[PDB]
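Student: Shown below is the structure under consideration.
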Amino acid sequence: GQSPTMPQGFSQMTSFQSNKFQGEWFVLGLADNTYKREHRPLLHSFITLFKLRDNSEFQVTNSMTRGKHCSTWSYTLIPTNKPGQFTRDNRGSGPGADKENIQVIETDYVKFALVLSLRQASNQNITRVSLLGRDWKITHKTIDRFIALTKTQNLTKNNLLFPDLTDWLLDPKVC
């Protein structure tokens, strides 16, 4: 695996502040080569949190409450030798230990985070891009930054799914 599907209009962060990237992140952008627009995400926008596991491993806890029924899952992102390059540790697995490569191309804790992900599922690798925000009131200026990723990752406009977010009072429910 020496073909890194990463943006050519951006540059990986030479200094990745792990202790600064941690916290809550709303998903304002979701693009995936194996995604379906009519079978789009179970929600409009999920809340994925990043906890400092050991030194830079991110415990990605995705909170997706569908109605009154919530589902939360946490994984551990393992940093590589590259600044801002991770992989979902699936060492506690064997048969289906398909891992997922996470790479933060452009994060800014005050506004947003451009995160790239490629899940190697053996049969094929899934290229997925996520546009995370500190808050959901992100603008198209910030959205466009994610669009650039979708372009470089060769993800068609069909793969681009954006949160409707006409109403988000998902607080006094669960999770």
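Numbering, chain A: per Swiss-Prot, residues 19-193 in sequence.
A Cβ is built for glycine as well, from the same backbone N, Cα and C atoms used for every other residue.
Residues annotated as disulfide bond in Swiss-Prot: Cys88-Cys193. According to Swiss-Prot, the feature N-linked glycosylation site maps to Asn143, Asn172.
Context for these features, please: burial, neighbours, distances.
Tutor: The DSSP secondary structure for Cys88 (disulfide bond) is strand.
Annotation note: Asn143 (N-linked glycosylation site) sits in a strand segment as assigned by DSSP. Neighbour density for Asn143 (N-linked glycosylation site): within 10 A of its CB lie 18 other CB atoms from the protein chains shown.
Classification of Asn172 (N-linked glycosylation site) by DSSP places it in coil, neither helical nor stranded.
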Student: Return the residues near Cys193 (disulfide bond), defined as same-chain residues 6+ apart in sequence whose C-beta is under 8 angstroms from its C-beta, sorted by sequence, else 'none'.
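Tutor: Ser81, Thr83, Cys88, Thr90 - these are the non-local Cβ neighbours of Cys193 (disulfide bond), listed in sequence order.
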Student: For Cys193 (disulfide bond), which of the three DSSP-derived states applies: helix, strand, or coil?
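Tutor: Going by the DSSP assignment, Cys193 (disulfide bond) belongs to neither helix nor strand, so it counts as coil.
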Student: Once near-sequence residues are set aside, which residues in the chain of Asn172 (N-linked glycosylation site), 6 or more away, have Cβ atoms under 8 Å from its Cβ?
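Tutor: Listed in sequence order, they are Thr23, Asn51, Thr145.
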Student: I'd like the Cβ neighbour count for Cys88 (disulfide bond), meaning other Cβ atoms within 10 Å of its Cβ, all protein chains included.
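Tutor: Total other Cβ atoms inside 10 Å, all chains included: 13.
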